[PDB]
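What you see below is based on every heavy atom in this structure, not just the backbone, and it leaves out hydrogens, waters and symmetry mates. Order of the sequence lines fixes the chain letters, A, B, ..., with proteins taken first and strands second; residue numbering starts at 1 for each chain.
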Amino acid sequence: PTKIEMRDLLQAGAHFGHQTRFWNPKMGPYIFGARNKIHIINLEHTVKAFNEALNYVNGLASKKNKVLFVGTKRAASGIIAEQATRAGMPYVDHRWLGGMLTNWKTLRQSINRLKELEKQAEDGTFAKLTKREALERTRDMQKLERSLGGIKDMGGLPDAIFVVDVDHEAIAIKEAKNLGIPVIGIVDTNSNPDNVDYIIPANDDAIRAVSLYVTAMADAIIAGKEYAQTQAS
Amino acid sequence: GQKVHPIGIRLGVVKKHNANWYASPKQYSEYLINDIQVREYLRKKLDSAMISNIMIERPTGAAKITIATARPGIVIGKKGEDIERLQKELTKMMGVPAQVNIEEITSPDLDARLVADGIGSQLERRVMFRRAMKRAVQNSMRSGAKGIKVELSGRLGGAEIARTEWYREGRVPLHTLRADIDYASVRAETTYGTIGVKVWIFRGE
Amino acid sequence: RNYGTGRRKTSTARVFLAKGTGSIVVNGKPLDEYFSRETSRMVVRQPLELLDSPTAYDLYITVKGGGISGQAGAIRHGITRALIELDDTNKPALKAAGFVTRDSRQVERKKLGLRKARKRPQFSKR
RNA sequence: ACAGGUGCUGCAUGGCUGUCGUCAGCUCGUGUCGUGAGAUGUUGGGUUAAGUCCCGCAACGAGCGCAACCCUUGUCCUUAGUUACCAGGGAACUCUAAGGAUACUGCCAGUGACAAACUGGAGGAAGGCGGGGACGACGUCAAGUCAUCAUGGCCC
């Protein structure tokens, strides 16, 4: 499961781009054309980009590397979460905090606060707290976890970042360039494909297409894990 | 000049008076004057041993003075021969036996008076005020204070125009009444005038 | 023998309710003789009369402290406290009248530099 | 030797105080942006007495301020009953003075971004900060004080 076919992408509508007015001219190479004033992506390019990206994530998973799933758009909010839990990898779905990575030493305190509060809510320390104050600490837990739920167990900078809709998650791209770590990104036909090491031209707005991309990356990572588990004995 | 004394505003909520006796309206004035005389005599005499919390409590004539110092050995003396002289000198200028029992400060970097007097001695030894201030901050913070603030005010470095400088680390929440903030204010008599040294050490709740 | 304790700004009253003719004796003296204030007399007799039973209960009041109207308020509060004892259906009407609430108003202290609790000295720009 | 000096310089100073102002502000670390001074955070939508709180947001956090912890008053309980009290010697009551209970937007109905919050209602002595106080941020006025005191210098 390292090579995804063109047929399922066509079924999911991974070719529908954006209006011809919002296009990025740097996205010109892999554009089939323009029907009804909407740009069409070249699936020949998309499938090859996916093949290279899947080989890369398979290698990282076989070397036990960590890849951060990033997507905060409505189309990619929950799918990133569930596929990241499947793959055992950190994710960011609610909002990319400015400075998750460049200012990572500071976010350690917030993650540690979340972990301490989870450890006290496990054994149960609400007996010493009042009715309202226990709810105050619980709302602290929920607000802090909603922001940092996927990266609470990342423990250091990831070795790759898989972003959906680079244009939406521009801050992540700039931080990843700042820190030098590779970007596997999905680019619509309106966004900037720069500072993305593994460019995947695709429609990032469709729910089915986003689910297809994220699930495919998840299976590639999981297959890497199963192959890496073959050297135990 | 707009801040209340940290010790005084906390005198009844979490702190305690460092004078615990009872008197009658007529006797109280002379008790207090004798108390202040003993305090000034002690602070001038034991200026070498770093005493910080001389406490005067006099049960029915006989008194039990309690000095807390970071160096009890020097002030007690050899076999305890300086302490006996101090005992009799106290008794001479009070009424009847003043049993001075001497405590020991096991953390001289958490007592504000010791920190302030150290900075003052360094200032009178023509040490850079910024370095002395920063050294005190570091010492207290790594000795375990939950917060330290130190303020140096005066003609710092011989400057014609006096200025106020300060450093803070940790919390030191002055307005919290239950904060357990030790506070000290001493003066360093330099060659250009007096430099005031203020130290707030916040230790808990 | 229902017993009520009423309190006002400085006066404290203790009233004894017992079914009778309607006589009210305050400090061992009749209410009219004790209170030369018509307003104070009305204030004392009001909790009895809002629920249509003035001449139904004999009252023995003992007041202390306060002034002529503070004592009237204290007696009213104590009479309310005693009225709620015999029957709890009178409590909603007493609440609607506002007699069960103890007036917490007290003399505001004189503050420093102020001539009174709130009165400040005259200010001049020049 | 000196002591003594309420002799001078508050524009050499410490300590102390006023004042803007009990106003809600004032900053810092890391990150990011700018050649840079700097910016951001701290802005925006609400909301609050409040940089109060919530939600957004290249910011993430923290500190001093706000609030709370302190004192007094408002109801009740408990220990106690004299020199206090007086319902029938009593141990009821007031009171006295220690320790606590209660009040938390806790419950109901609506409005509100599925929020913070606001509006009204019940219960209660007290309802939203119950009333009053103390507590006065970084700093400003070369503000006041060398005549409380201490002190550099000048002077007798």
Write down the partner of [N] under the Watson-Crick or G-U wobble criteria, each distance required to be under 3.5 Å.
N	value
D/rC60	D/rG29
D/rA103	none
D/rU78	D/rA98
D/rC69	none
D/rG136	none
D/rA84	none
D/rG41	none

Does [X] put a side-chain nitrogen or oxygen below 4.0 Å from OP1 or OP2 of [N]?
X	N	answer
A/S110	D/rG61	yes
A/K131	D/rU105	no
C/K95	D/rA122	no
B/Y192	D/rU13	no
C/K91	D/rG124	yes
B/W166	D/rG139	yes
C/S104	D/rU73	no

is_stacked([N], [M]) at 5.5 Å centroid, 30° plane limits:
N	M	answer
D/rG10	D/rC11	no
D/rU42	D/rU43	no
D/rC138	D/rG139	yes
D/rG21	D/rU22	no
D/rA113	D/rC114	no

Does the ring of D/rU22 sit north or south, if a positive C1'-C2'-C3'-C4' angle means north and a negative one means south?
south
Would you mind calling the pucker of D/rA58 north or south from its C1'-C2'-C3'-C4' torsion?
south
Pair test for [N] and [M]: Watson-Crick or G-U wobble, both under 3.5 Å:
N	M	value
D/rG110	D/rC118	yes
D/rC146	D/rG152	no
D/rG139	D/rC20	yes
D/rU9	D/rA109	no
D/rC23	D/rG90	no
D/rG153	D/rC8	yes
D/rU111	D/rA117	yes
D/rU148	D/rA37	no

Out of [options], which nucleotide sits closest to the side chain of [X]?
X	options	value
C/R14	D/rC86, D/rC60, D/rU13	D/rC86
C/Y3	D/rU30, D/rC93, D/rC76	D/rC93
C/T101	D/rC60, D/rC70, D/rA125	D/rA125
A/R132	D/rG106, D/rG132, D/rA58	D/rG106

Pick base, sugar-phosphate or nothing for [X], based on heavy-atom distances below 4.0 Å to the nucleic acid.
X	result
B/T176	base
B/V14	nothing
B/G12	nothing
B/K198	sugar-phosphate
A/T130	nothing
C/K111	sugar-phosphate
A/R113	nothing
B/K3	sugar-phosphate
B/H5	nothing
C/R102	sugar-phosphate
B/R168	sugar-phosphate
B/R178	base
C/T12	sugar-phosphate
B/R163	nothing

Over 60° means perpendicular and under 30° means parallel, so classify the ring planes of C/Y60 and C/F16, tilted if in between.
tilted
Between [Y] and [X], is there a side-chain donor-acceptor contact under 3.5 Å, judged purely by atom types and distance?
X	Y	answer
B/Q138	B/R142	yes
A/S191	A/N24	no
A/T125	A/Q120	yes
B/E151	B/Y167	no

Side-chain donor/acceptor of B/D35 to backbone N/O of B/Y31, under 3.5 Å
no
Single hit among B/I148, B/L174, B/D182, B/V115 for side-chain contact (heavy atoms from CB on, under 4.5 Å) with B/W200:
B/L174
Between CG on residue A/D165 and CG on residue A/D204, distance to nearest 0.5 Å
4.0 Å
Side chains of A/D188 and A/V166, heavy atoms from C-beta outward: is any pair under 4.5 Å?
no
Give me the distance, rounded to whole Å, that separates D/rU119 from D/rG127 when you measure between the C1' atoms they each carry.
14 Å
With rounding to the closest Å, how many angstrom separate the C1' atoms on D/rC54 and D/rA116?
4 Å
Closest-nucleotide ordering on RNA chain D, the 5'-leading residue of C/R81 and C/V100:
C/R81
Of B/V13 and B/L174, whose nearest nucleotide on RNA chain D comes first from the 5' end?
B/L174
